Amino acid sequence: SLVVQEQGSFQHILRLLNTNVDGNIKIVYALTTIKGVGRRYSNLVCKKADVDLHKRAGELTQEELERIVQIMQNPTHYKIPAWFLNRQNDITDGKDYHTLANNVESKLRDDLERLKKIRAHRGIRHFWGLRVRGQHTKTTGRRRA
Amino acid sequence: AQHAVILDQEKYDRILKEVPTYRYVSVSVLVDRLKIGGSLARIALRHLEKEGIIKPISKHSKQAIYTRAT
Amino acid sequence: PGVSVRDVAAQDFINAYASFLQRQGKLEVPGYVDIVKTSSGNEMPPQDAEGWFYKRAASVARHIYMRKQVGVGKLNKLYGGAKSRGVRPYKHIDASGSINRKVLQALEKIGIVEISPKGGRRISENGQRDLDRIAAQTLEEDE
Amino acid sequence: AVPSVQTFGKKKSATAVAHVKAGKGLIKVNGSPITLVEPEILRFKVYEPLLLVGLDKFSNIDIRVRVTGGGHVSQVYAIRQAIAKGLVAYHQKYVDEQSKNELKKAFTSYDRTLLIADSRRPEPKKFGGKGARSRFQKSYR
Amino acid sequence: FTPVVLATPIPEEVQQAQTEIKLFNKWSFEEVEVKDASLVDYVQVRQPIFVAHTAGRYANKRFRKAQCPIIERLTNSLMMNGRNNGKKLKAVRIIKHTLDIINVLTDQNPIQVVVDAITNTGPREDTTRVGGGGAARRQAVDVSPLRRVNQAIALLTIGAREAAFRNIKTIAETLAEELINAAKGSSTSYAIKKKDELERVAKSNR
Amino acid sequence: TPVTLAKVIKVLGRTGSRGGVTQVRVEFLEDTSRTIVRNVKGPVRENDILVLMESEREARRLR
RNA sequence: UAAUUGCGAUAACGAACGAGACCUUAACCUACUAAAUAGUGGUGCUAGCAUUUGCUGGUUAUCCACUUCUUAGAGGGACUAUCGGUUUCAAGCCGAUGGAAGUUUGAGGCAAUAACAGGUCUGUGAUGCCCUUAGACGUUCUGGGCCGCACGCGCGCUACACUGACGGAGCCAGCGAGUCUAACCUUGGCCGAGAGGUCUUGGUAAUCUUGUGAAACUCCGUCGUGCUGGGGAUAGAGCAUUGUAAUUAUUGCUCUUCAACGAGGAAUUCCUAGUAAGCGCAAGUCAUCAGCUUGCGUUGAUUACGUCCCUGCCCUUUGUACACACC
């Protein structure tokens, strides 16, 4: 419809939360490359900290990006429904948690550890390196719309 | 990463210049010379339609199609 | 996923209205709207974002218009995506019915639709004279 | 009291049902002005009966059709057929024969199942295969 | 060219072509001669068609396949790969787009260009593998006009398709390119390359 | 590009192992009543114009 | 000739089965019989978006009129019909004309004689002989297992990406099926992102579910060549449902891991028309679970319309040291 211009303030390949936000693409998807954030959640975040969703990730102020970061780290007290979070309800403190960055993998490992420590069957399967879901054992897993 | 996504500055001017010299224009032609990405290609096409220059014998999205001013 | 737009101005018929429903200042948003997938067998929310509910309003206005009398369950069946499970291709499956219910509850308030005998909901004589008339006035203007 | 006739058109399982009478010109369908209809690409199919003979002969008449069954293309095919048959029948009853003959010959030369229906109809599915003539794959080893 | 009034509104932009002699929407079947010797039978052009849908039965007797309109045949050819089996609407759309593209570049009737492409791209000579029963070569034979047409269409559609596949150019664009190239002896086109391959390999049997 | 015409006046029959090749009596306007037994690949009837590369040929029955 | 179908010939003559004929089904009846459990049109009550009277319902009630569509019942209809060619000029064959239908009009069902030491004693209170018969291989309760596995081989269904996948605005069907001595199919209003929960309602069914307003696909916007955004696995965390009981997760939803995958050696499966291929839908199992099948529609191609070379089948001649018959 209308063509913009802008100048050398554009900063592609910037980083946030131990990870590189990819430049020259829509901001939602750029966020999505982070461990602990996916598409829907990213979209939600964008809606919340109102960024122009047509605009690319390499633009935009640092204060704004830190608002986004704040939202991502502190979702439940910024009026996000509390059924949306990944590690919902939790098994220690008893409050909702959106695990984020490289901490999600660490947190995952911690879960996988505690299972083995507990000695639940699933834990034993994990220890053995087996198909853990109790599904019909001959798997790869795929692929429709 | 073939790129040519954001307009920069001089590449917009270049587009303004070299668009009317073409016979055929579309999203493919405006990425063919390693020019502006799909988004901008569409946007810019709509603009060039708005500001004279190219005359539409077009139809819809995906396959856009315009011609020179005559 | 949806029905009955093949004929007239699919997008333009329900776009000039969408902003006009905001122009009216009568619409009644749920609150938890616009952070929602719109269907169990879908994947993303709409790309309009600041809108969409107003499209679905005139689309439900069009639905009540469509014929005789329409319900909730029917709307669920209609706007329902069909669900993609694993291999299991795209079996037709109900919508985020709550949203449609909310839309209905809004429209009833604005004086367009009312609850009928035989259940369901029906269009009024006073109703759409003002609502989608201005959007389709673009077709009358072009003619 | 007023002169009027009614005919139909078929395609696979799609069925169109036309109503013609003496009026002012009006031609519309199911839930469509005849310009719009669907699917824009096919659209021109609905005009075929009107144009090949000439639009001048749809001045004093009032046609209106409704359909059921099938899909989009099929529906289109049905409606055009209905428009054709309805017209020729109307000519036959309320106009002289020569005009009707002229109409036929204009149509029947072009015939895309214009007057007469499409005689192909779905063959049934049979066991040991997903379709009628198709069969499942066999192993040996 | 006299207009006419009616109760329902039919636009004059559309109605013109309807009133006057019959044609594909904008582009006309008038003029557009059969260029090469042969195919004065196996290429249609008259009878004309509004759109290239015409869902009848053609491969039924034997050579009524020929009397089917060439544009429709082209559309049919474009319509394949499984993923794209059925969806004639898509095909006709892309045919229209192709025609548009061929009008934009080079001007002139795009149907005529298509005809030219057909006439050129059919490999005048073609060979086949004789039995023997162990080790045998290609034996040199002639090819039918119908078969020439069939291969022309097939080759153009296939080359256009492969060219499109995983390239920003749509089928409409790539196909158009193939056609415009195929109108003359361009040789960089896929169809004509294949034709050349078929001819040289034929010529290596005497 | 040496090209010659060929109108099919008769078709002797199917030939070859697979039988997807036909023996044909072609005849052209460049000196009428001069004929060849040519082998054709595709479907052929009476009054079909074939595009010949070479005139001097004799397509014999495939074995 | 699809056919021991015929035409003919003739130590054979008439005959029977199989084939065909027959049955169901698929299409054509603006002719008959009619139909508020199917429609359409006119009159009292609606004209609210593209509308001036789309088409729709207001309209089980407003009464009347109708049977084209829709349903059946009864019949008709196609016999290769007429014309041309072609053949001892016979059976028949190829083209043209009309025709809804002109490949035995398509599809099936039915399907001879003699066989196989095909499969089944785990369908059978169908059974012989053998085994066992009260720490019983009988019956029955508790708990597993048949899902033990990144596959060594076999079938199976979404779109490897721009004829694409999204965001919406998408999207017309047709087979069916359905509660009683009970709880099946669920319309409706409320609540719920969701799956679902609820208060009820209609239905023993052309009437209610249910025009199963299915999916692919039509229209614009969003990416646009990038193991990325295209679309949402493998693993984790929650919330629902069914069920005495779900743990080696039944299923379903939600978010985080993100995957239609780089067009698949050698090989081999199916396929000639509304078929192949695409796409859903119902039913069959069923408390719950489909990617399984059994039917149904929807969009709808290319390429022969041939041959005996490969793989086999039928007949006749011939050869044979084979006859558990070339393994």
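Counting starts with 1 at the first residue shown.
Just so you know, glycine gets a Cβ as well, placed from its N, Cα and C.
In the three-state DSSP scheme, E:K26 (ubiquitin cross-link) is classed as coil. Residues or ranges marked as ubiquitin cross-link in Swiss-Prot: E:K26 (among others).
Among the features that Swiss-Prot reports, ubiquitin cross-link is placed at E:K184 (among others). According to its DSSP assignment, E:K184 (ubiquitin cross-link) is coil. Counting only same-chain residues at least 6 apart in sequence, those with a Cβ under 8 Å from the Cβ of E:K184 (ubiquitin cross-link) are E:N120.
According to DSSP, E:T8 (phosphothreonine) is assigned to coil rather than to any helix or strand. For E:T8 (phosphothreonine), no same-chain residue 6+ apart in sequence has a C-beta under 8 angstroms from its C-beta. Under the heading phosphothreonine, Swiss-Prot lists E:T8.
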Worksheet item: For the recorded positions E:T8, E:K26, E:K184, which ones lie near chain D, with a CB less than 8 A from one of its CB atoms?
Response: E:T8
Fill in: CB within-chain contacts under 8 A for E:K26 (ubiquitin cross-link), separation at least 6
E:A17
Fill in: recorded positions near chain B, Cβ-Cβ under 8 Å, from E:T8, E:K26, E:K184
none
